[PDB]
Q: 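Right, I'll just put the structure down here and ask away after.
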Amino acid sequence: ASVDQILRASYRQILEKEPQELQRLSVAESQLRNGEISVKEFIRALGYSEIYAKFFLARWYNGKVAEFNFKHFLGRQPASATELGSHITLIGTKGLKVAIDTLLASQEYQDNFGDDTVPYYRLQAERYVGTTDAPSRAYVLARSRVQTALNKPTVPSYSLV
Amino acid sequence: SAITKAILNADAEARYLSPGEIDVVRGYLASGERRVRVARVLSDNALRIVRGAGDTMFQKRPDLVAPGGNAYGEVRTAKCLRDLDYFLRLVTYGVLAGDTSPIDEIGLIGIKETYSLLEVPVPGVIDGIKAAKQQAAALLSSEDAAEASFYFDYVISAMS
Amino acid sequence: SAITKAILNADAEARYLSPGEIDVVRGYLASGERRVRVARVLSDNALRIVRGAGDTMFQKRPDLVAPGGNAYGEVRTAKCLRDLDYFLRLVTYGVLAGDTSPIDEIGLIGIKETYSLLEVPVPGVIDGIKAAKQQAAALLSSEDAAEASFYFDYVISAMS
Amino acid sequence: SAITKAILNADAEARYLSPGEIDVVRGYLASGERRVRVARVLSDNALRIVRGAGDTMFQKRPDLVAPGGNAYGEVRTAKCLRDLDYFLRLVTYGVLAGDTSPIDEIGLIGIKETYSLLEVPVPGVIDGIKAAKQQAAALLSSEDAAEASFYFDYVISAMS
Amino acid sequence: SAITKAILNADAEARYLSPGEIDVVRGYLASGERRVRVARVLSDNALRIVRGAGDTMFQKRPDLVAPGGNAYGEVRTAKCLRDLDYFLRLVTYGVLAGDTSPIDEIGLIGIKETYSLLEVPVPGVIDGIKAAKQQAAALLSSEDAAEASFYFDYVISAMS
Amino acid sequence: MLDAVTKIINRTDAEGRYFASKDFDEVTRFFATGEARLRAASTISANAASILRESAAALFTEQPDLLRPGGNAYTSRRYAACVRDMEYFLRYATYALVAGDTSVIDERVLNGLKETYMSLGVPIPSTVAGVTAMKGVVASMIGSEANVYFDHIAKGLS
Amino acid sequence: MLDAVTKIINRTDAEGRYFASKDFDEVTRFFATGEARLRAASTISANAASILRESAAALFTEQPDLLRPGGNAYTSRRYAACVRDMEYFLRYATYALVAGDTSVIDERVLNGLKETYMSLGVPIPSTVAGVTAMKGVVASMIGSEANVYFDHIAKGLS
Amino acid sequence: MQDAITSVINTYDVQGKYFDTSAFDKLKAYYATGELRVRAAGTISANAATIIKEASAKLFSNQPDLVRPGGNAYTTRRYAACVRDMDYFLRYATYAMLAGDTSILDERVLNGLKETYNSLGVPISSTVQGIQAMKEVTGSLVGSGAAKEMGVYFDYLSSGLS
Ligand SMILES: CCC1=C(C)/C(=C/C2=NC(=C\c3[nH]c(/C=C4\NC(=O)[C@H](C)[C@H]4CC)c(C)c3CCC(=O)O)/C(CCC(=O)O)=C2C)NC1=O
Ligand SMILES: CCC1=C(C)/C(=C/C2=NC(=C\c3[nH]c(/C=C4\NC(=O)[C@H](C)[C@H]4CC)c(C)c3CCC(=O)O)/C(CCC(=O)O)=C2C)NC1=O
Ligand SMILES: CCC1=C(C)/C(=C/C2=NC(=C\c3[nH]c(/C=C4\NC(=O)[C@H](C)[C@H]4CC)c(C)c3CCC(=O)O)/C(CCC(=O)O)=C2C)NC1=O
Ligand SMILES: CCC1=C(C)/C(=C/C2=NC(=C\c3[nH]c(/C=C4\NC(=O)[C@H](C)[C@H]4CC)c(C)c3CCC(=O)O)/C(CCC(=O)O)=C2C)NC1=O
Ligand SMILES: CCC1=C(C)/C(=C/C2=NC(=C\c3[nH]c(/C=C4\NC(=O)[C@H](C)[C@H]4CC)c(C)c3CCC(=O)O)/C(CCC(=O)O)=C2C)NC1=O
């Protein structure tokens with residue numbers, strides 16, 4: 001893929017917007033184009049942005065923030081109460097950036113996307129069986145999230161789990 | 001199909017169809033009547049091709065129907081011939097669509113695991129598909145045989 | 001070119017060329033001689049298309065060459081017709097290549113930022129490229145007119 | 001050849017070549033390059049064609065090379081492969097001559113008596129020649145393969 | 001190995017060995033004599049197990065050594081026996097290690113696509129390994145046979 | 001997504017049968033109209049900006065209260081989101097017109113759009129009025145060929 | 001990556017000049033040989049498994065030591081990686097054969113490959129022998145049409 | 001014998017006229033089907049022995065009394081003559097298909113055949129059944145258009161006998 005395709009895909013995957021709507025990360029984009037940072041480092045630059053906190057934390061409850069982080073950086077949804085609660089605790093005690101770092105350093109991320117692919121959803125049972133403690137629930141939540149990908153659901157996070 | 005791939009490529013860049021993608025679509029729409037002719041020929045001779053391919057496969061590789069063979073018996077041989085017919089219908093779909101997506105979605109995705117579980121000898125399946133390719137190329141002209149062989153070879157490569 | 005797009009698609013999926021991409025390549029190679037004819041007639045007459053389009057653009061909006069305008073002055077008009085010649089050459093490149101890529105790498109990626117910094121009116125450039133499309137179709141047959149018009153319209157659309 | 005057959009015909013009625021016979025000779029001389037190409041491909045690839053045909057024939061009919069078989073032993077297997085090579089070279093002659101006369105003269109007249117008395121299974125020879133025909137068709141285009149298949153099936157039908 | 005697996009499990013959480021991990025390592029160290037005994041019996045009877053398993057496989061699936069089979073020919077049957085001996089050596093490795101890592105990283109990872117490309121019938125390999133399992137069970141006592149059967153079964157499951 | 005040919009293929013596959021005479025007739029009918037649909041798509045692509053401009057003009061002439069303070073299209077951001085939505089509708093209607101099947105609109109446009117509009121307070125009847133204005137513009141420009149696809153978007157919101 | 005038409009376009013663009021008669025002639029020469037190159041590529045694609053099998057057989061018959069214990073091809077995994085690399089070379093040779101230009105090889109295959117083989121311990125001369133074997137295999141089927149690209153891969157390795 | 005071209009020629013000679021548009025349409029129609037006929041004839045010639053084996057096997061399965069003692073096809077000589085006659089029917093149908101005209105079937109086959117078979121005691125209904133068996137077997141080899149063409153001549157033979 002070209003750097004342009006990677007950039008547009010990253011902006012849609014992480015910030016749910018096209019690049020023209022946003023103030024682009026010019027230096028991060030230049031570093032990716034020059035090839036001294038990976039796609040993963042650009043994804044983390046998008047997560048670290050103040051625009052990410054404005055979009056997905058300023059006007060949201062921490063459970064919604066956890067769901068947003070799982071959709072953006074893993075391509076799925078939190079399946080159990082333990083996983084969602086652990087991520088909420090990470091956000092509420094260490095900050096948004098440390099939670100995003102935990103998502104990026106996870107073995108799940110390394111296996112599915114590694115260092116050069118933009119994250120994406122995968123509605124397959126192999127996606128969740130080994131990785132998730134509630135695989136069927138993980139599939140149900142991921143499929144519902146993909147079904148209405150345009151929407152930012154306001155259904156309570158712990159009602160889904 | 002051929003149109004779907006162009007439309008998805010345009011959607012990747014969030015733009016309308018480019019002159020190249022429109023050239024692709026126009027070429028496919030031009031090939032449509034030739035595709036319909038070939039697909040109809042392979043459809044009317046479905047029993048033709050299936051019996052010819054099955055006889056060629058069983059003569060080439062008789063251990064399939066020999067005792068202890070996977071297709072031993074009238075029922076298992078009938079299911080083997082039905083699989084050959086399945087792949088023939090999928091070749092017709094691939095000819096009509098202009099790409100291989102119907103073949104993958106209906107027949108190729110998961111067939112390797114399925115046959116591995118069933119201990120279905122994939123080389124024998126390749127023999128059957130190649131025999132069906134020869135049978136169909138017999139019933140077509142040179143050109144029509146060329147495009148039919150395109151999807152027959154795609155099926156052969158995907159199985160192997 | 002049209003070949004590069006197909007090869008990129010095959011490379012992305014890590015596989016050999018599919019029947020559809022082979023069909024695309026065959027179509028492009030079949031169209032090559034018409035492409036060369038259209039590109040040659042566009043090249044041989046570049047001066048007259050540039051002159052006519054520049055004239056029409058200037059009359060359609062005098063404020064461009066009026067004092068306080070972006071193209072006011074002799075040097076800025078020379079750069080104006082140089083840009084028109086550039087875009088015509090990229091249109092010929094796109095006709096030859098069978099896709100719009102050379103137009104993208106050479107002329108249109110970054111043209112929006114450049115023209116916004118230089119305070120170049122994009123509607124003025126679009127009127128110039130439109131005038132160029134009329135001048136080009138003026139000396140083309142209908143099929144060649146449409147073939148060039150696809151790329152002229154692509155340039156216009158990407159300009160806005 | 002075709003020329004010889006037309007000359008023999010005209011000589012039986014003690015006349016010069018008629019318009020039909022001139023057409024036959026002219027159409028044969030026209031096909032010369034195609035016949036030479038086909039014969040070159042079959043000749044230069046005789047070794048791999050015979051190896052492949054023999055492998056296919058022995059897999060299809062193991063009892064031939066099993067103890068008590070007509071081809072059992074290194075010498076008898078070598079003569080079996082030599083017979084397959086003979087028939088391939090006769091097919092090349094038939095392609096070059098544009099008729100089956102050299103095949104009849106050198107290989108076919110008496111081959112039934114020969115194989116009956118040597119106890120050589122004619123169906124096995126037919127299987128080997130069919131295998132050689134497919135191996136040749138692998139190496140030739142559709143038209144060239146169709147040209148060679150005429151003489152291959154002529155040999156097969158003379159066997160049967 | 002078992003110790004390697006426990007140490008990696010400790011390292012992933014950046015901690016010293018857990019009491020459960022210590023129990024795993026201790027139980028592994030206790031089984032050392034039994035593992036050496038099983039492996040020594042297997043290695044001393046390597047040729048006997050290989051011959052018996054190969055013979056059993058070859059009557060069970062005579063299509064393999066039959067003409068047209070994947071193992072027909074002295075070179076190919078020798079390579080078949082050599083792979084059986086390879087998997088026997090790997091089974092000894094697994095018995096000594098207390099884990100299946102040597103089996104995976106020497107012979108199991110990549111054998112699936114390797115045998116797919118070589119058209120090696122995996123069911124035949126599985127029958128050969130099961131025959132080797134029977135040979136080992138004959139040479140070993142019940143407990144030793146069960147311990148070796150763990151890794152024989154692991155290889156069987158990995159192949160399928 | 002599907003196009004017309006893949007839709008016919010799926011229909012014949014659900015029944016497990018080869019293509020019959022009627023199926024080939026339908027596929028041929030689709031191939032026959034392909035040149036006209038490509039012309040319509042190219043015509044729309046050439047004037048997408050002007051179609052969008054006059055479609056937004058029509059929408060906000062019919063309902064000026066959307067632009068006024070307190071309206072759902074009053075800010076630069078919300079006006080931009082509105083015209084971006086209309087641009088989406090035009091582009092994906094063009095995609096569907098090329099494909100001859102509306103599944104692209106289901107996959108890429110209506111995947112949670114009605115829920116999104118109910119959640120954000122976007123007025124759905126006003127959006128349908130805008131979609132209808134764009135349908136009328138495109139119909140006057142190329143003919144009736146695309147009407148159904150726009151109606152599909154309307155039915156996805158209504 | 002480039003192809004023949006794109007490299008010609010780049011050459012004319014560096015000089016900022018319209019296409020001349022020589023440029024058009026070179027383009028027409030590329031267009032003329034298109035069908036033969038496509039047929040060769042299709043033949044290679046249809047026979048990829050057999051080409052891999054017989055090229056690996058030739059390589060490991062010429063150099064058995066790679067398959068013995070201690071050889072860089074001694075495992076199921078290292079043998080699989082070897083035939084996988086041969087598949088890389090064949091597929092990208094087909095790509096360059098269709099394109100008519102070797103830049104895809106330089107970018108997708110030869111970019112950092114020599115240093116990677118040094119880092120891994122892969123014997124480069126044996127890999128070159130494998131590429132030459134596959135050259136012979138492909139020449140036995142399609143003729144000398146694809147010899148240039150395999151030679152380019154070999155020289156890049158060497 | 002008479003083929004389609006010489007059939008047109010004979011009509012126009014007897015009426016003494018040069019060819020007109022209608023004659024040229026008949027001749028174009030014959031020439032257009034020529035490649036299909038040549039292909040079918042080559043396929044039948046390559047497969048004639050197989051066609052006869054299959055058809056005789058189906059006939060003698062459907063009527064086992066023919067080859068058992070007391071049947072007209074009971075001896076090596078009478079079995080050989082039976083399949084020889086089947087070789088006739090296949091070969092002459094192939095001739096008539098290649099010529100596109102049934103005149104050769106009248107001249108070379110059907111004339112006096114009922115009388116020969118009735119004098120010999122050869123059962124004609126079973127012979128028609130064998131001709132039908134060859135029709136299906138040949139159609140199984142040659143494909144739709146060639147099968148439809150060859151079936152015309154097989155049915156002509158069946159009608160001439162039955
Ligand atoms: C670990 C526990 C677990 C389970 C059990 C599980 C089930 C499961 N089955 C699925 C699909 C499926 N499952 C089935 C199985 C059904 N077909 C019918 O004929 C049978 C009665 C029945 C099986 C006996 C089928 C056919 C699909 C495909 C559905 C589709 O693609 O539309 C999917 C969607 C993802 C995929 O296709 O891989 C899941 C998540 N997931 C899990 O994480
Ligand atoms: C150039 C024209 C020509 C032909 C056609 C020809 C055929 C031929 N093959 C022969 C023997 C043979 N031919 C075969 C071949 C058979 N082995 C298997 O059964 C197969 C079914 C089959 C071949 C595919 C074998 C095994 C023999 C040796 C038999 C014996 O020694 O008794 C012989 C007897 C003399 C001899 O040993 O060479 C002749 C004349 N000779 C000629 O000079
Ligand atoms: C130490 C780890 C290791 C393993 C596991 C291994 C398996 C292995 N077996 C091979 C060939 C082979 N393998 C077999 C064995 C199979 N075919 C028979 O039919 C049986 C069903 C079955 C055995 C029970 C045969 C016959 C070949 C020869 C294929 C050929 O060379 O054409 C090859 C290809 C390289 C070569 O021919 O030497 C590998 C890599 N190699 C390794 O270095
Ligand atoms: C490519 C597929 C796609 C579609 C279809 C799409 C529609 C879409 N429109 C949205 C908001 C919106 N949509 C509108 C448009 C409405 N304003 C009303 O006055 C009009 C009647 C009406 C339009 C005709 C507005 C104003 C918003 C902003 C809502 C807000 O910020 O409160 C949103 C919420 C997120 C955002 O604003 O970026 C989506 C997802 N987005 C997509 O990615
Ligand atoms: C009175 C003179 C006479 C004879 C002898 C005769 C033989 C004869 N054998 C037949 C079948 C057969 N005959 C045999 C005999 C063969 N099996 C082995 O190969 C052996 C070498 C050999 C016997 C020793 C076989 C196997 C068949 C069945 C063949 C088939 O249907 O494919 C048939 C076909 C119809 C039927 O099955 O009844 C005839 C007519 N017919 C006659 O009118």
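Reckoned from all heavy atoms, side chains included, excluding hydrogens, waters and symmetry mates. Per chain, numbering begins at 1; letters A, B, ... match sequence-line order.
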Q: Are the side chain of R11(G) and the backbone of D23(G) linked by a donor-acceptor contact shorter than 3.5 Å?
A: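 No; judged by distance alone, with no hydrogens or angles, the pair does not exist.
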Q: For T94(G), is it the side chain, the backbone, both, or neither that has a heavy atom closer than 4.5 Å to a heavy atom of chain C?
A: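 Side chain only.
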Q: For the residue pair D3(G) and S1(C), confirm or rule out a side-chain donor-acceptor distance under 3.5 Å.
A: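 A donor-acceptor contact under 3.5 Å links the two side chains.
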Q: Checking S144(G) against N147(G): is there a side-chain donor and acceptor pair closer than 3.5 Å?
A: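 Result is no, nothing qualifies.
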Q: Which bit of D99(C) comes within less than 4.5 Å of chain G, counting heavy atoms only: side chain, backbone, both or neither?
A: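 It is neither, since no heavy atom gets under 4.5 Å.
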Q: Among residues 44-82 of chain C, which ones touch chain G with a heavy-atom distance under 4.5 Å?
A: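 Within residues 44-82 of chain C, near chain G: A46(C).
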Q: Which bit of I106(C) is near chain G, if near means a heavy-atom gap under 4.5 Å: side chain, backbone, both or neither?
A: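 Contact with chain G is through the side chain of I106(C) alone.
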Q: So which part of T92(C) gets closer than 4.5 Å to some heavy atom of chain G, the side chain, the backbone, both or neither?
A: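 Only the side chain of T92(C) comes within 4.5 Å of chain G.
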Q: Side chain, backbone, both or neither: which part of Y86(C) has a heavy atom under 4.5 Å from chain G?
A: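 Neither part.
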Q: Say whether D11(C) and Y92(G), considering side chains only, have a donor N or O and an acceptor N or O under 3.5 Å apart.
A: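 Their side chains do contain a donor-acceptor pair, which is all the 3.5 Å distance test asks for.
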Q: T12(G) versus chain C, heavy atoms under 4.5 Å apart: side chain, backbone, both or neither?
A: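 When you check distances to chain C, atoms from both the backbone and side chain of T12(G) fall under 4.5 Å.
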Q: Look at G98(C), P102(C), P19(C), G32(C) and state which one has the largest set of heavy-atom pairs under 4.5 Å with chain G.
A: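 Result: the option with the highest number of such pairs is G32(C).
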Q: Report yes or no: do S103(G) and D106(G) form a side-chain donor-acceptor pair below 3.5 Å?
A: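 Checked: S103(G)/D106(G) side chains show no N/O donor-acceptor pair below 3.5 Å.
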Q: Between the main-chain N or O of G94(C) and the side-chain N or O of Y151(C), is there a donor-acceptor pair closer than 3.5 Å?
A: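 Yes, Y151(C) side chain to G94(C) backbone: donor-acceptor pair under 3.5 Å.
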Q: If we count only N and O atoms by modelled type, under 3.5 Å, do the side chains of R91(G) and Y95(G) hold a donor and an acceptor together?
A: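 Judged by distance alone, the side chains do pair up.
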Q: Nearest heavy-atom pair of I111(C) and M159(C): which atoms, and what distance?
A: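 Scanning both residues, the minimum pair turns out to be CG2-SD, 4.0 Å.
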Q: Check residues 109-116 of chain G and write down every donor-acceptor pair under 3.5 Å in which the side-chain atom is one partner and the other belongs to a residue at least two apart or another chain.
A:
unit_1	atom_1	unit_2	atom_2	d
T116(G)	OG1	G112(G)	O	2.5

Q: Evaluate side chain to side chain contact (heavy atoms under 4.5 Å, CB included) for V125(C) paired with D83(C), printing each intermediate quantity in order.
A: CA-CA 9 Å; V125(C) 175; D83(C) 278 25; over 6 Å; no
Q: Under a 4.5 Å heavy-atom cut-off, does chain G meet the side chain of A30(C), its backbone, both or neither?
A: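 Neither part.
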Q: Under a 4.5 Å heavy-atom cut-off, does chain C meet the side chain of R108(G), its backbone, both or neither?
A: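 For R108(G), the side chain is the part near chain C, not the backbone.
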Q: Please identify, among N10(G), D13(G), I44(G), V98(G), the residue contributing the most non-hydrogen atom pairs under 4.5 Å to chain C.
A: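 That would be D13(G).
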Q: With only heavy atoms counted, which part of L90(G) is less than 4.5 Å from chain C, the side chain, the backbone, both or neither?
A: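 Both backbone and side chain.
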Q: Could you label the plane-to-plane angle of the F87(C) and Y115(C) rings as parallel, tilted or perpendicular, counting under 30° as parallel and over 60° as perpendicular?
A: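 Correct class here is perpendicular.
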